[PDB]
Participant: 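Questions regarding the structure given below will be posed in turn.
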Amino acid sequence: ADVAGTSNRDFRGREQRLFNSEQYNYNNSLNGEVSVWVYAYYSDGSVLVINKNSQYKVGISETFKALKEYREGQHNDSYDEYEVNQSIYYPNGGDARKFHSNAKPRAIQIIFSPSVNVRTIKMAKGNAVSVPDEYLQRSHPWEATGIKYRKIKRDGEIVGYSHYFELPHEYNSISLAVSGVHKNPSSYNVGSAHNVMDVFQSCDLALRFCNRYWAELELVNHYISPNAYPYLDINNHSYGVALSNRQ
Amino acid sequence: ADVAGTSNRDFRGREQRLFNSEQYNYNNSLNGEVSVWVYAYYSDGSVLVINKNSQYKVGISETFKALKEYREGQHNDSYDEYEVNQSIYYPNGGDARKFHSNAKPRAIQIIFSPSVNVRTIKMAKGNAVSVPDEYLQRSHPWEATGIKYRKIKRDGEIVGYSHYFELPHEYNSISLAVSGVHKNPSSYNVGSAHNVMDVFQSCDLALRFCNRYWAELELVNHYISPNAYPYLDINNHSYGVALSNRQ
Amino acid sequence: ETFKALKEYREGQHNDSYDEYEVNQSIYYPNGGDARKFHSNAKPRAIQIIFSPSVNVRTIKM
Amino acid sequence: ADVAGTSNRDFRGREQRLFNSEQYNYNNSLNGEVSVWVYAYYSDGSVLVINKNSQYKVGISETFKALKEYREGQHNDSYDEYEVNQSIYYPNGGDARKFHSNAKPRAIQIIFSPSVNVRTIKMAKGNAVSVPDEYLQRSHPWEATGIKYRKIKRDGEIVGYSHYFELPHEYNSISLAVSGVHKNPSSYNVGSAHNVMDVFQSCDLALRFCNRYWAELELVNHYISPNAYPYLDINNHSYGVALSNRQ
Ligand SMILES: Nc1nc2c(ncn2[C@@H]2O[C@H](COP(=O)(O)OP(=O)(O)OP(=O)(O)O)[C@@H](O)[C@H]2O)c(=O)[nH]1
Ligand SMILES: Nc1nc2c(ncn2[C@@H]2O[C@H](COP(=O)(O)OP(=O)(O)OP(=O)(O)O)[C@@H](O)[C@H]2O)c(=O)[nH]1
Ligand SMILES: Nc1nc2c(ncn2[C@@H]2O[C@H](COP(=O)(O)OP(=O)(O)OP(=O)(O)O)[C@@H](O)[C@H]2O)c(=O)[nH]1
Ligand SMILES: Nc1ncnc2c1ncn2[C@@H]1O[C@H](COP(=O)(O)OP(=O)(O)OP(=O)(O)O)[C@@H](O)[C@H]1O
Ligand SMILES: Nc1ncnc2c1ncn2[C@@H]1O[C@H](COP(=O)(O)OP(=O)(O)OP(=O)(O)O)[C@@H](O)[C@H]1O
Ligand SMILES: Nc1ncnc2c1ncn2[C@@H]1O[C@H](COP(=O)(O)OP(=O)(O)OP(=O)(O)O)[C@@H](O)[C@H]1O
Ligand SMILES: Nc1ccn([C@@H]2O[C@H](COP(=O)(O)OP(=O)(O)OP(=O)(O)O)[C@@H](O)[C@H]2O)c(=O)n1
Ligand SMILES: Nc1ccn([C@@H]2O[C@H](COP(=O)(O)OP(=O)(O)OP(=O)(O)O)[C@@H](O)[C@H]2O)c(=O)n1
Ligand SMILES: Nc1ccn([C@@H]2O[C@H](COP(=O)(O)OP(=O)(O)OP(=O)(O)O)[C@@H](O)[C@H]2O)c(=O)n1
Ligand SMILES: Nc1ccn([C@@H]2O[C@H](COP(=O)(O)OP(=O)(O)OP(=O)(O)O)[C@@H](O)[C@H]2O)c(=O)n1
Ligand SMILES: [Cl-]
Ligand SMILES: [Cl-]
Ligand SMILES: [Cl-]
Ligand SMILES: [Mg+2]
Ligand SMILES: [Mg+2]
Ligand SMILES: [Mg+2]
Ligand SMILES: [Mg+2]
């Protein structure tokens with residue numbers, strides 16, 4: 001047989017490259033996943049991740065209370081935190097024993113998989129009572145924030161999209177919903193009558209994941225990297241695996 | 001009057017038979033319910049049931065954590081179980097005091113009502129981090145498992161459909177979503193523009209039920225039988241009520 | 001060992017000690033107890049008996 | 001065939017009678033069990049039973065502390081009861097918050113199976129520090145109390161032997177051991193060199209049972225009667241099953 005890495009007859013080499021290219025392209029086909037991640041960063045260094053994976057379109061919607069830090073099997077000032085919530089929903093509404101709850105997110109990172117169309121991204125960043133823009137009556141239910149998404153790149157390939165905003169001020173008390181549509185460069189409308197019921201089933205079939213990791217290191221090591229997910233850490237380092245035309 | 005059960009003038013008899021036939025046929029009409037049940041079986045003999053009832057289409061989607069046994073108002077090793085989850089999401093990821101959590105499901109039974117079209121059934125059986133097939137990039141978001149569904153029959157009538165799979169191995173750690181579409185032998189597409197917004201409202205109107213029963217006996221006696229639900233027990237016994245053309 | 005002695009006991013942890021008394025009552029006599037579970041996960045799933053090579057296998061009794 | 005209960009050809013009848021006679025006689029053979037039961041009666045009506053079943057010989061030995069009432073999974077004044085023990089071992093030895101502990105037995109019933117030789121029964125009824133007769137130096141380690149055992153009879157057959165003594169006084173604080181030898185009307189000594197090692201193995205193989213029942217009714221219904229055990233209740237009623245030459 002020919003010697004490895006010396007000719008066009010390195011079929012193991014050609015198959016390895018097609019294996020990777022097929023994974024990348026399958027993800028971008030209409031048969032592929034579109035994924036979103038919401039990272040809620042807490043002052044104790046811990047991170048709540050919410051992931052949703054689904055065909056055609058995907059989104060996450062969380063209340064103000066849902067995004068607050070929750071330590072499973074540990075104490076969480078549960079009564080005082082009810083009182084904190086009352087004071088966030090209306091100024092001087094509660095009877096809490098603290099000025100600032102360390103359970104409030106300090107920042108949010110939204111990440112989409114590379115199969116999303118960035119022009120379809122929408123976000124409903126509401127106040128603590130889940131109103132998008134001060135009062136319902138003058139509220140547009142979303143903002144198309146695609147222009148703000150940074151490309152997460154590895155070896156010159158886009159492995160994801162990231163929108164990051166800090167919540168460092170006392171008044172940064174939010175409810176949050178985000179949505180993205182899978183790329184579709186064809187003229188076959190996935191929601192037209194022929195396929196609309198598959199999109200309705202996709203709403204049933206979407207898989208969700210939620211967990212609080214103790215640190216960004218732990219998130220990078222045990223969540224991001226093992227699953228070949230894209231990520232952008234605090235030092236602006238990009239994580240992911242480049243697959244198109246690669247061995 | 002004619003004597004009972006001796007002539008074609010037994011109107012009480014004819015009405016009883018139409019009453020049953022009408023119930024069976026209403027369920028199969030586009031005005032009827034389509035229902036799914038997910039049974040998570042635990043080693044202590046207890047069973048978590050998740051039911052969803054809705055028009056046109058229906059589904060259930062649960063995380064790995066959501067399917068774990070939860071004893072309401074009792075102790076549940078809540079801190080150790082956070083640690084178990086960490087070790088299931090990534091090997092050697094946690095610091096648990098147990099090798100196998102008895103809260104993990106030992107088996108899953110999926111049951112659909114007889115108004116489903118078995119060819120529309122889809123299942124997204126993912127790993128513990130809610131990825132359908134090892135990595136997102138090469139994941140088809142579902143599998144059409146209709147061929148594997150067994151007919152639950154009573155008096156020769158199909159009262160439901162059942163897909164059962166055990167999870168007896170240490171590596172059987174899953175996230176699970178299932179979806180089915182109501183039968184529609186007509187050419188009126190329930191999701192075409194005329195009726196699509198009724199299908200969107202059906203997503204709002206779907207009713208969910210969830211409860212942990214202490215034993216299969218208790219499930220059969222107090223959940224299945226009182227509500228005329230179909231079921232298949234561990235001894236392969238079929239439960240349900242035959243209604244078409246019956247008194 | 002008694003039936004109770006072979007049941008799982010987690011030292012320094014919770015063990016449903018009251019419910020497990022009730023489990024025992026229902027194992028000693030059918031419908032004898034008032035437990036909140038069908039099967040106790042504390043019951044052994046298997047037993048392995050091992051003897052050293054100095055035993056005479058013909059003298060083993062169980 | 002002959003008609004039932006009318007001739008010597010009722011083989012079902014003859015086999016039923018041999019079945020019972022064989023059970024009775026097997027128990028009395030050297031291949032059979034010899035059994036002892038110790039019933040500790042508490043003022044709250046509850047009863048601790050200790051049973052031992054073994055070949056050739058059998059006995060039970062309990063400390064003063066071991067015979068005290070223990071409510072599994074409930075509160076038991078565990079610290080005060082340590083203090084009670086100190087005051088029972090030596091007068092004014094402890095710092096308890098009670099004059100009389102309701103955990104102390106109010107009475108003891110010793111019952112042997114009908115396969116025992118009543119002349120071999122021995123009891124070591126010691127004080128609270130496990131000394132049989134005031135001081136070790138003048139203590140015979142047992143008393144042969146066989147003459148005091150009453151025959152438990154059912155249908156004129158001996159189904160067991162009972163020795164009952166109440167402990168109604170403040171000073172009735174005991175440690176207790178009892179032993180009985182299986183009947184052996186032959187001249188084959190079960191402990192002679194030919195069979196001595198089988199007797200040593202019988203010490204390893206003896207099965208023990210211990211449980212606290214809530215009432216004598218409960219003991220009679222769920223312990224005594226289901227297992228065909230002999231018993232004598234507070235109203236002097238005999239329980240057991242007559243088996244010799246019976247259908
Ligand atoms: N600036 C400001 N924003 C408020 C206040 N109360 C509510 N908001 C909301 O908070 C959002 C702005 O938050 P930030 O961007 O963190 O505030 P900022 O003043 O721009 O401060 P920097 O972004 O850190 O420069 C707005 O879109 C408002 O909807 C307030 O008192 N001051
Ligand atoms: N067999 C196997 N499956 C694994 C392993 N790890 C994860 N899996 C997943 O588990 C699923 C198979 O589970 P099972 O069907 O219970 O395993 P099995 O080897 O077929 O064993 P049996 O069904 O009991 O005969 C696969 O579809 C994989 O996605 C593993 O180590 N061995
Ligand atoms: N009588 C008596 N027995 C004691 C005393 N202290 C210890 N004992 C022991 O208790 C045993 C006797 O107990 P009981 O038979 O209940 O006492 P009793 O005086 O005969 O009273 P009754 O049997 O109810 O008539 C004796 O064998 C002693 O070993 C004591 O102060 N008085
Ligand atoms: N929408 C897309 N989806 C998948 N790949 C894309 C997309 N747009 C561009 N690319 C490809 O990704 C690679 C990087 O192009 P990109 O435009 O991201 O890089 P750039 O021009 O160096 O940086 P930027 O545009 O961020 O300033 C190229 O191979 C490009 O063809
Ligand atoms: N898709 C359906 N929905 C409702 N009833 C059906 C459906 N298909 C068949 N039936 C009816 O249900 C009854 C049973 O038919 P079915 O095919 O289930 O039985 P079978 O041929 O004996 O067994 P099987 O097909 O499982 O080997 C018949 O009256 C049949 O007409
Ligand atoms: N040691 C024994 N073991 C088994 N059965 C015995 C024993 N001694 C006597 N029996 C038998 O048990 C039955 C009852 O005899 P037992 O002597 O117990 O009755 P009794 O003379 O009426 O009353 P008691 O002797 O108590 O005053 C008889 O069939 C007798 O042969
Ligand atoms: N603003 C507050 C906060 C707390 N408390 C009291 O302090 C007790 C303990 O506080 P809690 O907020 O419940 O915290 P933990 O019990 O420490 O934590 P968790 O409840 O999450 O286990 C509460 O029961 C509550 O009665 C209160 O009166 N007023
Ligand atoms: N891997 C583990 C498991 C438990 N623990 C400790 O043991 C205590 C009790 O265990 P937990 O898992 O909380 O179980 P329970 O309190 O018995 O039950 P629940 O919390 O569900 O009421 C916890 O607070 C935790 O500090 C621990 O340190 N490390
Ligand atoms: N069949 C049962 C089981 C439990 N309980 C009550 O629930 C309480 C807690 O249950 P228990 O069985 O004692 O478990 P834990 O306290 O969690 O564990 P342990 O006792 O082993 O520390 C008990 O005090 C008991 O009163 C009950 O009434 N009936
Ligand atoms: N003579 C005594 C008896 C009790 N106590 C105190 O009272 C507390 C509770 O009494 P205890 O005897 O332990 O009874 P419970 O806790 O009610 O029951 P248990 O310990 O059996 O669960 C103990 O911790 C002990 O410090 C004491 O100081 N002196
Ligand atoms: Cl495609
Ligand atoms: Cl219709
Ligand atoms: Cl013999
Ligand atoms: Mg706890
Ligand atoms: Mg609290
Ligand atoms: Mg307890
Ligand atoms: Mg105590």
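Per chain, numbering begins at 1; letters A, B, ... match sequence-line order. Order of listing sets the numbers, starting from 1, for every ligand and every atom in it.
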Participant: Would you confirm whether any non-hydrogen atom of the protein falls under 4.0 Å from atom 4 (C) of ligand 1?
Facilitator: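 It does; a protein heavy atom is within 4.0 Å.
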Participant: Quick one: look up the protein heavy atom nearest atom 22 (P) of ligand 1 and list residue, atom name and how far away it is.
Facilitator: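 Of the protein heavy atoms, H169(A) NE2, 3.6 Å lies nearest.
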Participant: Do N117(D) and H182(D) come close enough that some side-chain heavy atom pair is under 4.5 Å?
Facilitator: no
Participant: Can you sort out which atoms of ligand 1 are near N172(A), meaning under 4.0 Å from one of its heavy atoms?
Facilitator: 13 (O), 14 (P), 16 (O)
Participant: Within a radius of less than 6.0 Å around CG of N31(D), do more than 12 heavy atoms belonging to other residues, nucleotides or ligands occur?
Facilitator: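 Above 12, so yes.
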Participant: Please state which protein non-hydrogen atom is closest to atom 7 (C) of ligand 6 and give its distance, to 0.1 Å?
Facilitator: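 For atom 7 (C) of ligand 6, the nearest protein heavy atom comes out as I158(D) CD1, 4.0 Å.
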Participant: For atom 14 (C) of ligand 6, which candidate among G156(D), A242(D), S244(D) provides the closest heavy atom?
Facilitator: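 Checking each option, the heavy atom nearest atom 14 (C) of ligand 6 is found in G156(D).
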Participant: Might you check, step by step, whether the distance between atom 4 (C) of ligand 6 and some protein heavy atom is under 4.0 Å?
Facilitator: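 Answer yes: something from the protein, a heavy atom, is under 4.0 Å.
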Participant: Ignoring hydrogens and angles, state whether a donor on the side chain of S46(A) or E69(A) is under 3.5 Å from an acceptor on the partner side chain.
Facilitator: yes
Participant: What do the steps show when you test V178(A) against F112(A) for side chain to side chain contact (heavy atoms under 4.5 Å, CB included), and what is the final call?
Facilitator: CA-CA 10 Å; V178(A) 72; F112(A) 278 90; 4.0 Å; yes
Participant: What residue and atom, counting heavy atoms only, is the protein's closest point to atom 18 (P) of ligand 1, and at what distance?
Facilitator: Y171(A) OH, 3.6 Å
Participant: Establish whether atom 25 (O) of ligand 1 and some protein heavy atom are separated by less than 4.0 angstrom.
Facilitator: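 Flag for atom 25 (O) of ligand 1 set to false, no protein heavy atom closer than 4.0 Å.
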Participant: Which residue supplies the protein heavy atom nearest to atom 27 (O) of ligand 1, what is that atom called, and how far is it?
Facilitator: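 It is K125(A) NZ, 4.6 Å.
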Participant: Which of the atoms in ligand 6, numbered in the order shown and given with their element, are less than 4.0 Å from a heavy-atom of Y24(D)?
Facilitator: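 The list of qualifying atoms is 4 (C), 5 (N).
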Participant: My question is simple, although I want it checked carefully: is atom 30 (C) of ligand 1 less than 4.0 angstrom from any protein heavy atom?
Facilitator: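 Yes.
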Participant: Hey, is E134(A) close enough to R138(A) for a salt bridge, meaning N to O under 4.0 Å?
Facilitator: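 Yes, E134(A) and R138(A) are salt-bridged.
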Participant: Strictly inside 4.0 angstrom of atom 27 (O) of ligand 6, do you find any protein heavy atom?
Facilitator: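 Protein heavy atoms within 4.0 Å of atom 27 (O) of ligand 6 - there are none.
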Participant: Taking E166(A) first and then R106(A), would you say they form a salt bridge - that is, a charged N and a carboxylate O separated by under 4.0 Å?
Facilitator: no
Participant: Short check: is a protein heavy atom less than 4.0 Å from atom 19 (O) of ligand 6?
Facilitator: yes
Participant: Search all heavy atoms of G93(A) against all heavy atoms of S87(A) and return the closest pair with its distance.
Facilitator: N-OG, 3.6 Å
Participant: Testing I152(D), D233(D), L232(D) for side-chain contact (heavy atoms from CB on, under 4.5 Å) with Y239(D), which one passes?
Facilitator: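 Of the listed options, the one satisfying the test is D233(D).
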Participant: Closer than 4.0 Å and a protein heavy atom, does any atom meet both conditions relative to atom 31 (O) of ligand 6?
Facilitator: no
Participant: Just to confirm my output: which protein heavy-atom neighbour is closest to atom 1 (N) of ligand 6, and how far is it?
Facilitator: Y161(D) OH, 4.1 Å
Participant: Closest by any non-hydrogen atom to atom 23 (O) of ligand 6: pick that one out of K153(D), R119(D), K151(D).
Facilitator: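 Among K153(D), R119(D), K151(D), the closest heavy atom to atom 23 (O) of ligand 6 belongs to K153(D).
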Participant: Does atom CD of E15(A) have more than 12 heavy-atom neighbours, drawn from other residues, nucleotides or ligands, at distances under 6.0 Å?
Facilitator: no
Participant: Establish, yes or no, whether a centroid distance under 6.0 Å links the rings of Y39(D) and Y164(D).
Facilitator: no
Participant: Can you confirm, on distance only, whether ligand 6 has an N/O atom lying under 3.5 Å from any N/O atom belonging to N28(D)?
Facilitator: no
Participant: Given that the side chain starts at C-beta and the backbone is N, CA, C, O, which of these parts of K183(D) lies under 4.0 Å from ligand 6, counting heavy atoms, or is it both or neither?
Facilitator: side chain
Participant: For atom 15 (O) of ligand 1, is the nearest protein heavy atom under 4.0 Å away?
Facilitator: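 So far as the 4.0 Å threshold goes, atom 15 (O) of ligand 1 is out of reach of every protein heavy atom.
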Participant: Would you say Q109(A) and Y41(A) are linked by a side-chain donor-acceptor pair, where the criterion is simply a distance under 3.5 Å?
Facilitator: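 On atom types as modelled, these side chains qualify, holding a pair under 3.5 Å.
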Participant: Does the distance from a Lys or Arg side-chain N to an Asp or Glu carboxylate O, for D204(A) and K122(B), drop under 4.0 Å?
Facilitator: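 No salt bridge links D204(A) with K122(B).
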